[PDB]
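One structure is given below, encoded as structure tokens.
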Amino acid sequence: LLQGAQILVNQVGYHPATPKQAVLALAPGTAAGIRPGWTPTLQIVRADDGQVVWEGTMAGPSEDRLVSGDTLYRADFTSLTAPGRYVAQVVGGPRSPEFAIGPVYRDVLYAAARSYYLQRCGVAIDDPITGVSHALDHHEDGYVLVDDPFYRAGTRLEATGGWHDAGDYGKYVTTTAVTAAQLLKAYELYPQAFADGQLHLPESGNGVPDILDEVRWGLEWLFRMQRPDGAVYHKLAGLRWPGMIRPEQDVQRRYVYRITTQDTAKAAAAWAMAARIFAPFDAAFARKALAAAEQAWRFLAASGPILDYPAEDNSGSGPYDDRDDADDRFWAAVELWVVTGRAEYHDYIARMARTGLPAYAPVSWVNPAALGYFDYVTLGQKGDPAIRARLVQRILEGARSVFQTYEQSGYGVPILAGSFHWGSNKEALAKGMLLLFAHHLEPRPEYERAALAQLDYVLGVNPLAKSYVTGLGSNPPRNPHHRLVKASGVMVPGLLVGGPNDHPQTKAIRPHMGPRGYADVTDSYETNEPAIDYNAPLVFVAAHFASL
Ligand SMILES: [Ca+2]
Ligand SMILES: [Ca+2]
Ligand SMILES: [Zn+2]
């Protein structure tokens with residue numbers, strides 16, 4: 001009757017203070033013959049003894065009709081708060097992998113945040129913690145692709161550094177800027193989760209929280225991607241996709257692709273954020289970030305949309321073809337307004353408020369404007385009270401629609417069947433972030449539970465019983481679409497893979513499988529590839545639960 005059902009738990013585990021779910025999922029070909037009134041019993045059991053420490057009848061069945069299709073039962077063993085290691089065991093039924101009760105999101109946060117260090121480009125790594133190593137890569141980054149006012153095609157720019165974007169080695173302003181902004185916000189809201197020396201970095205012990213050293217790596221690369229008029233180049237990559245080789249073997253010439261106004265505004269926003277946040281630690285870096293943001297805005301105020309993405313620029317890198325810059329300009333306006341207080345920036349906001357504010361949506365490289373909504377409401381001084389009230393209402397409504405989807409979803413993931421896209425994991429966690437934004441304005445325990453459920457979900461509470469974060473839990477991605485991992489045979493831990501995707505591009509998954517549309521194989525770049533913008537909301541949501 002309980003074959004082959006599965007009991008799903010967070011494969012890392014649970015903090016003592018939080019709700020603690022376990023989900024019994026029945027075989028797709030099964031009940032059907034649910035004997036009416038049948039009730040599964042769950043025990044939690046010490047890993048060492050097998051001593052039962054918690055026992056409870058499971059609620060259910062429920063049919064996850066809008067998402068997985070599964071028949072679920074569930075328990076909440078919140079009561080159990082004794083630190084240690086455990087297994088969940090359905091009587092006469094399946095057993096879970098081992099998990100801890102303890103401050104588990106400190107280690108999750110660590111791995112996710114430190115993964116950026118392991119993605120850095122343009123610098124040798126020989127890391128003893130991890131075993132990850134490669135010699136100096138991409139020290140020739142890079143040559144200007146098209147003529148512009150400053151440089152002829154073929155000019156060498158010093159645009160070394162930054163992060164490898166994903167499982168390739170391209171560096172892209174569009175993800176780098178939203179990623180840096182989101183790490184910054186994690187730190188700003190949860191500074192007590194982030195210390196100097198936390199991340200075992202080259203910068204550990206300089207008196208600055210390591211997460212800010214990492215952010216600074218990304219932002220300093222943005223500086224090199226900025227043209228003296230303030231415009232920001234779109235991305236830097238080879239003409240060809242490297243094979244599964246090390247980054248130091250990827251010796252093709254690399255090119256700096258043409259500017260874009262969305263990139264210019266995203267970098268403005270992230271820099272203006274850093275100006276505010278780095279002020280107590282490094283006042284000179286603060287100023288510099290502020291000067292850059294200001295020069296970028298000068299460019300934007302003199303320029304219409306520039307959003308050209310020639311198909312041929314995609315020959316060795318992804319497009320990130322964000323085809324509207326208004327949500328990016330809004331965000332840049334807010335952040336500049338917040339740190340300078342200047343009318344010129346608030347004027348832009350008020351003008352937009354007359355014709356229509358950017359749509360409120362989970363933070364993404366297309367639309368980052370939720371950060372502007374939030375930062376205006378929480379950080380803006382002497383604003384317009386009618387705008388502020390509009391921003392607040394949109395923030396609470398956004399969480400509300402997220403929460404409604406979460407309630408429709410047996411596994412917690414706020415995404416319905418038919419809507420699983422490339423990066424669905426990131427989208428889950430980013431929706432977790434909108435719940436937490438609303439929670440921050442208006443505390444609401446169910447929202448915090450729903451956000452936690454996004455961590456549980458990416459860490460094994462899902463119909464594949466899969467941990468989508470490398471090196472975490474008991475069933476992580478062993479074959480990530482990641483060139484260094486594949487070439488080196490050394491795992492890079494702490495990277496979140498995209499996850500389930502209804503719309504396949506490769507051979508190893510079929511369409512419309514929803515939360516089941518995933519394959520742990522190297523080739524599946526649409527399902528099993530990590531990216532910097534995936535890790536960003538992971539670090540955010542994890543930091544919430546690492547600090548309380
Ligand atoms: Ca430091
Ligand atoms: Ca945009
Ligand atoms: Zn590199």
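We label chains A, B, ... in the order they appear in the structure tokens, count residues from 1 in each chain, and number ligands from 1 in the order shown.
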Item checked: helix (DSSP H, G or I) per DSSP on the backbone: members of stretch 384-517 of chain A, as a PyMOL selection string -> chain A and resi 385-407+424-441+445-458+483-488+514-516
For chain A against ligand 1, with a cut-off of 10 Å and counting only C-alpha atoms and all ligand atoms, what is the closest atom pair and its distance in Å to one decimal for every residue that makes the cut, ordered by chain and number, as a Markdown table?
| residue | atom | partner | partner_atom_place_in_ligand_line | distance |
| --- | --- | --- | --- | --- |
| A:194 | CA | ligand 1 | 1 (Ca) | 9.8 |
| A:195 | CA | ligand 1 | 1 (Ca) | 7.4 |
| A:196 | CA | ligand 1 | 1 (Ca) | 4.2 |
| A:197 | CA | ligand 1 | 1 (Ca) | 5.3 |
| A:198 | CA | ligand 1 | 1 (Ca) | 7.7 |
| A:199 | CA | ligand 1 | 1 (Ca) | 8.2 |
| A:200 | CA | ligand 1 | 1 (Ca) | 8.6 |
| A:201 | CA | ligand 1 | 1 (Ca) | 7.4 |
| A:202 | CA | ligand 1 | 1 (Ca) | 8.1 |
| A:203 | CA | ligand 1 | 1 (Ca) | 4.7 |
| A:204 | CA | ligand 1 | 1 (Ca) | 3.9 |
| A:205 | CA | ligand 1 | 1 (Ca) | 4.8 |
| A:206 | CA | ligand 1 | 1 (Ca) | 4.7 |
| A:207 | CA | ligand 1 | 1 (Ca) | 5.4 |
| A:208 | CA | ligand 1 | 1 (Ca) | 4.1 |
| A:209 | CA | ligand 1 | 1 (Ca) | 4.7 |
| A:210 | CA | ligand 1 | 1 (Ca) | 4.1 |
| A:211 | CA | ligand 1 | 1 (Ca) | 7.7 |
| A:212 | CA | ligand 1 | 1 (Ca) | 7.4 |
| A:213 | CA | ligand 1 | 1 (Ca) | 5.9 |
| A:214 | CA | ligand 1 | 1 (Ca) | 8.7 |
Next item on the list: Find the residues near residue A:150: any atom within 10 Å, counting only C-alpha atoms, skip ones fewer than 4 places away on the same chain, and give them as a PyMOL selection string.
Entry: chain A and resi 155+227-229
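For the set A:363, A:274, A:111, A:231, the residue with the smallest atom-to-atom gap to residue A:301 is A:231, counting only C-alpha atoms.
Considering only C-alpha atoms and all ligand atoms, every residue of the polymer chains approaching ligand 2 to 6 Å or closer is listed here: residues 262, 322, 324, 325, 327, 328, 366 and 367 of chain A.
Residues of protein or nucleic acid lying within 8 Å of ligand 3, counting only C-alpha atoms and all ligand atoms, are residues 120, 121, 122, 123, 136, 137, 138, 139, 161, 163, 164, 169, 170, 247 and 248 of chain A.
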Notebook entry, point to check: Where does DSSP see strand (DSSP E or B) in stretch 136-320 of chain A, if you list the residues as a count of residues only?
Noted result: 18
Notebook entry, point to check: Which residue out of A:316, A:418, A:445, A:218 has the minimum interatomic distance to residue A:517 when only C-alpha atoms are used?
Noted result: A:418
